[PDB]
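Working notes, structure below.
In what follows, chains carry the letters A, B, and so on, assigned in the order in which the sequence lines appear, proteins first and then strands, with residues in each chain numbered from 1. Below, all heavy atoms of this structure are taken into account, side chains as well, without hydrogens, waters or symmetry copies.
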Amino acid sequence: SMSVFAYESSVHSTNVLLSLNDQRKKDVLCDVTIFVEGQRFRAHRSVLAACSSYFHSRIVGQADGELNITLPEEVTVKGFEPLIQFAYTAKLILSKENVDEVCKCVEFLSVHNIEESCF
Amino acid sequence: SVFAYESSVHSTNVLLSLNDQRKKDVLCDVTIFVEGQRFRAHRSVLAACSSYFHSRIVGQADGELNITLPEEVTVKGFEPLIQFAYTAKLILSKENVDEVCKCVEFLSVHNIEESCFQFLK
């Protein structure tokens, strides 16, 4: 008997991100390849632009089918891989071994919602 | 010694950033035609939210994709659904509740508790 009802799902945003990470791990429906120290990382250029100002600035305007981005030597796999894991899993795992290299990539890539307090 | 962070708002943050890309027609890769109207979206998101879109997106060419929805799908029933897919929020009223529910079953849109449709009755 209500005139309007505004429905909200508490599980939708989580399932979309789960499907995006599943697409990434299976290399399906991805559109960009990131090169870090020679290693290949498949991803969606939209998700990377969402989580990073650096990726957003290098990707917006590139409308081609497939895109290959090489990050300079200042970016290491030891620092970049925990960040792309956070982008697709919302989980950021730090340790005394990688905290320095991860803190560098957060500032270089300008990853958004990583508070500098956890360092 | 390990420190692990689990953000609960992160999945919401990404989805709201993708919706901002959608509304600005930036970094999209598929055009949806319903009643002739254009709708820009990401095929990765559409495949994650609908079995209808997934079976038409899977294994396609990397180039731009065009998906045309037939006469059953109306803008009055589709626009609240592409909104929901990008916002997790579905605004229902006694006006559009019929065509939206019919469009949910047509596209097989996920994560919509069908119990809420009976509120507009």
If you apply the rule side chain to side chain contact (heavy atoms under 4.5 Å, CB included), what do you find for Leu92(B) with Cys116(B), and how did you get there? CA-CA 9 Å; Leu92(B) 296 175; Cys116(B) 68; 3.6 Å; yes
Stepwise side chain to side chain contact (heavy atoms under 4.5 Å, CB included) check, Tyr5(B) with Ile114(A): CA-CA 10 Å; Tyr5(B) 178 33; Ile114(A) 295 191; over 6 Å; no
Apply side chain to side chain contact (heavy atoms under 4.5 Å, CB included) to the pair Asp31(A) and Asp62(B), showing each step before the final yes or no. CA-CA 7 Å; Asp31(A) 51 66; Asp62(B) 306 333; over 6 Å; no
Using the side chain to side chain contact (heavy atoms under 4.5 Å, CB included) rule, take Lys94(B) and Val4(A) through it: C-alpha gap first, then chi angles, then the decisive distance, then the call. CA-CA 7 Å; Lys94(B) 268 162 183 168; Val4(A) 185; over 6 Å; no
Please evaluate residues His110(B) and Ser50(B) with respect to the criterion side chain to side chain donor-acceptor pair (under 3.5 Å), reporting the C-alpha separation (whole Å), side-chain torsions for both, the decisive distance (0.1 Å), and the verdict. CA-CA 6 Å; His110(B) 305 320; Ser50(B) 176; over 6 Å; no
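The two atoms that bring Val100(B) and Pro80(B) nearest to each other are CG2-CG, 3.9 Å, heavy atoms only. What you find for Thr12(B) and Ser13(A) is that their closest heavy atoms are OG1-OG, 3.5 Å. Summarising the geometry of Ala87(A) relative to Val14(B), their closest heavy-atom pair is O-CG2, 4.5 Å, with the distance given to 0.1 Å.
With 3.5 Å as the limit, one finds a donor-acceptor pair spanning the side chains of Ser95(A) and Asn98(A). Checked by atom type, the side-chain pair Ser53(A)/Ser110(A) shows no donor-acceptor distance below 3.5 Å.
Side-chain heavy atoms closer than 4.5 Å link hydrophobic residues (I, L, V, M, F, W, Y) into clusters, and following such links, even through other members, never connects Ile91(B) to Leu120(B). No path of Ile, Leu, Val, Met, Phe, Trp and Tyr side chains, each step under 4.5 Å between heavy atoms, connects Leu20(A) with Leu18(A), placing them in separate hydrophobic clusters. By the rule that hydrophobic residues join a cluster once side-chain heavy atoms approach within less than 4.5 Å of another member, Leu46(B) and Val58(B) end up as members of separate clusters. When hydrophobic clusters are built by joining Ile, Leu, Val, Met, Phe, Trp and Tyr residues whose side-chain heavy atoms come closer than 4.5 Å, directly or via intermediates, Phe108(A) is grouped together with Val77(A).
Within the 4.5 Å cutoff, the side chain of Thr70(A) has no heavy atoms near those of the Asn68(A) side chain. Within the 4.5 Å cutoff, the side chain of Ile67(B) has heavy atoms near those of the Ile57(B) side chain.
The distance from the OG1 atom of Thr33(A) to the CG atom of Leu67(A) is 8.0 Å, given to the nearest 0.5 Å. Interatomic distance, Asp22(A) CG to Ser44(B) OG, rounded to the nearest 0.5 Å: 12.0 Å. Within the model, atoms OG1 of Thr76(A) and CD of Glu81(A) stand 10.5 Å from one another, a figure rounded to the nearest 0.5 Å. In this structure, the separation between SG on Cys30(A) and CD on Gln23(A) is 6.5 Å, given to the nearest 0.5 Å. Atoms CG and SG, on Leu81(B) and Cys49(B) in that order, are 10.5 Å from each other to the nearest 0.5 Å. Between the CD atom of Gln39(A) and the CG atom of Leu71(A) there is a distance of 12.0 Å, given to the nearest 0.5 Å.
Electrostatic pairing of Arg42(A) and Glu66(A) counts as a salt bridge here, judged by a charged N lying under 4.0 Å from a carboxylate O. A salt bridge between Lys78(A) and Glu101(A) is absent, with no side-chain N of the basic residue lying under 4.0 Å from a carboxylate O of the acidic one.
Around CD of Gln85(A), the count of heavy atoms belonging to other residues, nucleotides or ligands within 6.0 Å exceeds 12. More than 12 heavy atoms of other residues, nucleotides or ligands shown are found within 6.0 angstrom of CD on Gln60(B).
At least one donor-acceptor pair under 3.5 Å links the side chain of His10(B) to the backbone N or O of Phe86(A). With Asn13(B) contributing its side chain and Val9(B) its backbone, the two residues share a donor-acceptor pair below 3.5 Å.
The aromatic rings of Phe78(B) and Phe53(B) stand perpendicular to each other, their planes meeting at an angle above 60°, with 30° marking the opposite boundary. The aromatic rings of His42(B) and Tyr86(B) are tilted relative to each other, their planes meeting at an angle between 30° and 60°.
Aromatic ring centres of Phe39(B) and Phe33(B): separated by at least 6.0 Å.
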